[PDB]
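Shown next, in structure tokens, is the structure this report addresses.
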Amino acid sequence: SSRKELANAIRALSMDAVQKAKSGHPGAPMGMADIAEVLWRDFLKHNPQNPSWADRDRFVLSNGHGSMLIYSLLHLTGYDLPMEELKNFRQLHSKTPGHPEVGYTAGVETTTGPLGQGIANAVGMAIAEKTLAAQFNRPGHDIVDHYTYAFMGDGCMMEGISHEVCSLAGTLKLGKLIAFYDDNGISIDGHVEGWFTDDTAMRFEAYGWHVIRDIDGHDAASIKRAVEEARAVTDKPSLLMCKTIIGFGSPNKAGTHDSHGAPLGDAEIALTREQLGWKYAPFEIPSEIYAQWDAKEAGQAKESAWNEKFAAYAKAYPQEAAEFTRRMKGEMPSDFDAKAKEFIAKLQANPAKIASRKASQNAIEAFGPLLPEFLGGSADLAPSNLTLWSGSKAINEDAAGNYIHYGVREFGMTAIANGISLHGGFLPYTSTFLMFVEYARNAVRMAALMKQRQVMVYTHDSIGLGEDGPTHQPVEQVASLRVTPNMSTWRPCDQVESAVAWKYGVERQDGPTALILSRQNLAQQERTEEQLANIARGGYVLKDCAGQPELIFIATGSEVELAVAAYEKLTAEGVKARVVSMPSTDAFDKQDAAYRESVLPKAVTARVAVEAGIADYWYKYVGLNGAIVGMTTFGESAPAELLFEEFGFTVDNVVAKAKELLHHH
Amino acid sequence: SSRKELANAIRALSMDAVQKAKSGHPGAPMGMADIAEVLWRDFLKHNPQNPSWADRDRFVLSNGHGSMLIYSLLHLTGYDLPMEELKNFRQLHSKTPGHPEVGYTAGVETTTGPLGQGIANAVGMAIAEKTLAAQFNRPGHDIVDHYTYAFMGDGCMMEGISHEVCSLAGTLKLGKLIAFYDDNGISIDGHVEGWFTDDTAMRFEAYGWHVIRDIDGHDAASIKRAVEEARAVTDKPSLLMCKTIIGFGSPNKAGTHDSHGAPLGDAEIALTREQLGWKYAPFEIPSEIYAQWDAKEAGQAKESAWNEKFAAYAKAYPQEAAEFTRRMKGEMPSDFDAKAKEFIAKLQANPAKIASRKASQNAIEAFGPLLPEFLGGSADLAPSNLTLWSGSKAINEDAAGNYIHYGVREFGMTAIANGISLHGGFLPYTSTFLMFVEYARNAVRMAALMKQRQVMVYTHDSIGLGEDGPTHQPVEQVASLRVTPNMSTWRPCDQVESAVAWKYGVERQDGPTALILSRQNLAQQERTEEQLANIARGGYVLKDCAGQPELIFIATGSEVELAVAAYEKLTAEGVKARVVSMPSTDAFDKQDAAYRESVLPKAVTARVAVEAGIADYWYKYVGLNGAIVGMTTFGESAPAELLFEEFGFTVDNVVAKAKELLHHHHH
Ligand SMILES: [Ca+2]
Ligand SMILES: [Ca+2]
Ligand code: NA
Ligand code: NA
């Protein structure tokens, strides 16, 4: 069959699957089909029989609304994605959800849809390949050698995150990253010129990319030459400017916004079949077309050759090969749990009053030698977030390093780190001031949705940061993280809770962990062995009374000391009081009900939450008959000690709120 | 005095005020002082005695950590910012907070600090000037004519929002926007080349800006020539690449990251005075330096001339002049309240089961003729968010229009709109799918912090959007907005609540209002005149029983219909039930204790919340002895009606959960 006929198989499956679902996006799949045919059939290194092959090329659809493009490619090339799944596009619990989802579907590398994040993920995958190659390859043994290919459209280009990640990709000279821009002139509002006029090629040259202009995206020869040129440029990421017609093949909807995001309609599909010369019924693909698209034979041969290379590497470099396998599988070192517990116990036995941002740095220092998979960084705040340890080595200085200076790029940093975790081989950590989780907020959500392990180190967590004032002082950010599905959030009260939280984060297998860390020094709490072991349960009894409590303080982070001081005053008066430290609400909620009852007995309704964050969160644990010593406003610019007084974080106020509560009970 | 001596007054006040506070950022003020001296003394059109003069130039410090730069300028030029306030830099309730804040300090145009947002605000101010000039200027009467000047640094340049807003500024040919880039080679991690290597000039040329390269930022003549060149280019925004030395004057800390974000230290300040030749003690400025910096006499003359121009305009164009004054003051038309109430009453009397996104469009259509100040837009989703009305006209097509195609730029859109509201003359509305509030999230917060009027139209609010799936289906986003200080969030249940929420938003002068709008059609509920008036109280009794309820449903948005159906089933079985519609938790919380008790009586603990959003929010109103029919997970890609079934938003499940709750209460 001709290359155009092979590409038209994508067009037919895509328009037909959208039509059957009465939902979805036919235009971009039809516009990019010729580019995909060249890339996938002539260049992409992959094995449909093992989508987890460590050295496969990675493909990313940043314009993820065009999901039928990737489903068509996976089906046609022989992945485990049968025609019946394509006939179930956008239907409940199918393998073909409306935007592609990692884990749902063999061969999907990332969950995309939110524009701009796919290219960010691809930058992270390319950083991962470059770093892993530098760490593991040896003379005569290049066991890491693969490309990262991304498709992206006008929406990704307009989004600010594209600027963040493509700027950094240029700095890092990511010569195995090759992006294809679907330059079709159309977005949802219509002809893009009314709102998007960049000289995109000049912009990308300003980032240090190699740019190939004026590619005919409907001409296989033009596309193939451009890909060859990009592969020959080994010291710059490449952008291929592909002129395409959205909805290519449709006489009445090609080149129109109408083709972007709704079914073409039955009559228009019939006219499209006529224009394309496509003679097959919906969901019919002839054997000749499958024979030319199938990648099982070539893919198995390529993976088998790689397996033989890896076997030879393992003979010459046995310890390195074992580390490669462990890291690509995402497994932890067998002795990590014991060694981390030993560190935690040492901290409990050797008290220190330090900021939890410093306790975080100390945990990185302790775990660094044990976790060579760390690939950490900060968004231009290394000396404030405290993300460097003695073994940190910046990858812009040494490609085999373990640290990224991300610059002032919080959203891009977080979505790059999602790509790093998706690649395999690494455990990424990222960092900024907590307020700027808001810049990165959807990438944080995407880490949780994709079940990815990433530790997110958020410092300067409250009015305790002092004079920088209300634009920087978090109030409501932690509450939002706490109600995000599959997110773990820890607000440690001292250096011991900080190390437990770090351990919890690195040991998650199925989602991310945010650490909520103080600028100011935090006193260490004394703990029994039982309390020490129960920190990891997220909430535990820190101070207690004999018998059933009359009054329970629930406190987190920097406010535990205040709650303890109020507890001591009331205990001396003869109140049966308790303090619960709640470093992680999510870990607490996951405990068995007997444990939760032992900490927060259902019969004890006189509960006072204490936290320098938005009060409204705490109704979850105090209900309608408790009290909350929290924030209800933005902060103020002043020294931290005066702010804590101004906003009611005083022993007198906490005691008064508890006594007022005890009248009612 | 020489120009350098005048600039050194900024350096001295800045380093000394940071030192006294033992906190703050001396480096950028010291690095940009010569640029500021030229801009403010030779070009800026302003009147210190009236910071609200409608036709003043607007200045924005996007690198807002350098707050002592603007405080020095405002003090030296004669604004109401006494030296005592500079001595109280970063102290509680001073007029000199660590990052500048609009409202409390005379002459501060915007609250900045979060990097990139200042340049976005400046783009909005420049859009506002261009649009207001096109709407109001007449032959012989150019009553709107002013520049927007912005300072920005490497952090702003690295942030994605700078790409969004500077790209759009290029498309819109904002020839009165002039930005100065503090090109000093330093960020917090050190020398920027390890993480920031863009050819920034080439990047901005790709956006359609006029770029002036290689300006000596410590040479007044070079800076002045560059500003003159940028002012001569009337068809492009301009970027002035100013090579500066951070901490200029400090022998040991100039050019170092150490000068960025901590006091220089007393010993280093002494050496800096010696290098700069600045003899005056901390907080001492001689009368002759004030005489050269003061702008009161020039500012009075400029504003007086403008007032004469405006008086001549008002004689020739009296209705237009009255509209200009009204709009610049942020006042609403005198008949708006009555006309909007008439519209709301008509909707209550004429049911229509339509999506609240469509009810929103209908409110824009009804309000549009009454609010010529609207400057609305969507982030490339006009046909989905339903932000166009019959009178919309895109400003890229006609500069006197009222609509902005923002492109796929949610964060930039929202921070541009903050600039629009800060400028005066307009009432901005912005729009995207609700999920992508997360892209714009800090700009929403900044609107609330700055007490700005902006209506944020967020459509496709739940699993009700269907097949696009979990990356697009909001779950926890509304709860995040609800816990934001000074935010107003409305999730209307029908076309009537939608119109009430729109009226509330446009009339809310002291903060923003988000509308949480459905893709799918919403049943209209029956209301008495009192219930109709009670929508605006945020939470109200929609269905009731005689005597104390044994069950209260609390529902919002698309789930009110489900809660009412469950109420009807239970009522028919003899259960005493009530339904509360809670379109706005923030408005409800602002009602007095007696009203809140009347709606959610403390005696009734069997409360069931119903909302297709994150469940944990609702403990605030249901307590520990209730039930929540909510989401606890991400969504799924499927037809919406199947999602509502799968996630428990069915009458059978709501009734079962309510009966299970009552059974637990009984035993
Ligand atoms: Ca497009
Ligand atoms: Ca800088
Ligand atoms: Na290359
Ligand atoms: Na100009």
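Key figures for this structure:
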| quantity | calculated |
| --- | --- |
| For segment A:1-325, the spread of Cα positions along each principal axis, largest first, Å | 63, 44, 37 |
| 4 °C / 1.567 mPa s Stokes-Einstein diffusion coefficient of segment A:203-285, Kirkwood radius on C-alpha pairs, µm²/s | 85 µm²/s |
| Rounded to 5, the percent of DSSP beta bridges in segment B:1-325 classed as antiparallel | 15 percent |
| Nearest 10 degrees, 0 to 90: helix A:117-136 Cα axis against chain A principal axis | 90 degrees |
| Built amide H within the under 5 Å cut-off of B:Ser187, gap 5+ | B:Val192 |
| Convex hull projection area averaged over all views, segment A:537-665, Cα basis, nm² | 7.7 nm² |
| 10 Å Cβ neighbours from other chains, averaged over peptide A:385-397 | 1 |
| q = 0.11, 0.27 Å⁻¹, segment B:246-324: log10 I(q)/I(0) [Debye, one scatterer per Cα] | -0.58, -1.14 |
| Segment A:36-176 pair-distance distribution - Cα-Cα, 5 Å bins, rounded % | 2, 10, 18, 21, 20, 15, 9, 4, 2, 0, 0 |
| Cα coordinate range in segment B:389-488, projected on the principal axes (Å, largest first) | 40, 31, 20 |
| The protein assembly as shown - share of DSSP beta bridges that are antiparallel (%, nearest 5) | 15 percent |
| For chain B, share of DSSP beta bridges that run antiparallel, in % to the nearest 5 | 15 percent |
| Semi-axis lengths, Å, segment B:1-115, gyration tensor of Cα atoms, sqrt of 5 times eigenvalues | 19, 17, 13 |
| As computed over segment A:473-544, the Cα convex hull volume per residue (Å³) | 109 Å³ |
| Hydrodynamic radius by Kirkwood, which averages 1/r over all alpha carbon pairs of the protein assembly as shown, in angstrom | 32.3 Å |
| Overall Cα dimensions of segment A:71-150, principal axis frame, Å, largest first | 49, 28, 17 |
| Whole-Å distance, taken between Cα centres, linking segment B:86-134 and segment A:158-223 | 34 Å |
| Estimated translational D of chain A in µm²/s (Stokes, Kirkwood radius over Cα pairs; 37 °C; 0.692 mPa s) | 123 µm²/s |
| Equivalent ellipsoid semi-axes, segment A:133-249, via Cα gyration tensor eigenvalues times 5, rooted, Å | 28, 17, 11 |
| FRET efficiency, B:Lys451 to A:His663 (Cβ-Cβ, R0 41 Å, nearest 0.05) | 0.65 |
| Extension gain, A:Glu507 back to A:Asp219 (0.36 nm per residue minus Cα-Cα distance, nm) | 98.8 nm |
| For q = 0.11, 0.13, 0.22 Å⁻¹, Debye-computed log10 I/I(0) when each Cα of segment B:307-442 counts as one equal scatterer | -0.48, -0.66, -1.38 |
| Point-to-point label distance, B:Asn307-B:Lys353, nm (Cα→Cβ direction, 7 Å offset) | 6.1 nm |
| Between helix A:495-507 and chain A: long-axis angle, C-alpha atoms, 0 to 90°, nearest 10 | 30 degrees |
| Within 10 Å of each Cβ in A:615-624, the average number of Cβ atoms from other chains | 6 |
| Over chain B: helical MRE at 222 nm, DSSP H runs n ≥ 4 each giving -39500 (n - 2.57), nearest 500 | -12500 deg cm²/dmol |
| Dmax and Rg, reported as Rg then Dmax, of segment B:326-536 (C-alpha, Å) | 15.9, 46 |
| Exposure proxy ranking, count of Cβ atoms within 10 Å, fewest first, for A:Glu641, A:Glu476 | A:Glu641, A:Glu476 |
| log₁₀ of I(q)/I(0) at q = 0.18 Å⁻¹ - segment B:555-599, Debye sum with one point per alpha carbon | -0.63 |
| Bins of 10 Å from zero: percent of alpha-carbon pairs in segment A:161-217 | 19, 49, 28, 4 |
| Peptide A:462-470 - average C-beta neighbours from other chains (10 Å radius) | 5 |
| Packing-based exposure ordering (other Cβ within 10 Å, fewest first) of B:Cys166, B:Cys156 | B:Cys156, B:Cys166 |
| Difference of contour (0.36 nm per residue) and Cα-Cα distance, B:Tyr595 to B:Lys315 | 95.8 nm |
| Footprinting exposure proxy for A:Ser334, A:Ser384 (fewest neighbouring C-beta atoms within 10 Å first) | A:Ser334, A:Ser384 |
| Spin-label model distance (nm) - B:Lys87 vs A:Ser52, 7 Å beyond Cα toward Cβ | 7.0 nm |
| Entries in A:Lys130/A:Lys451; A:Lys20/B:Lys393; A:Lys620/B:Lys95 that, when Cα-Cα distance is taken, lie over 27 Å | A:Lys20/B:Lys393; A:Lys620/B:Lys95 |
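Neighbour counts run over all protein chains shown; Cβ positions are idealised from the backbone, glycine included. Every number here is computed from the coordinates shown, using simple stated rules; none is lab data.
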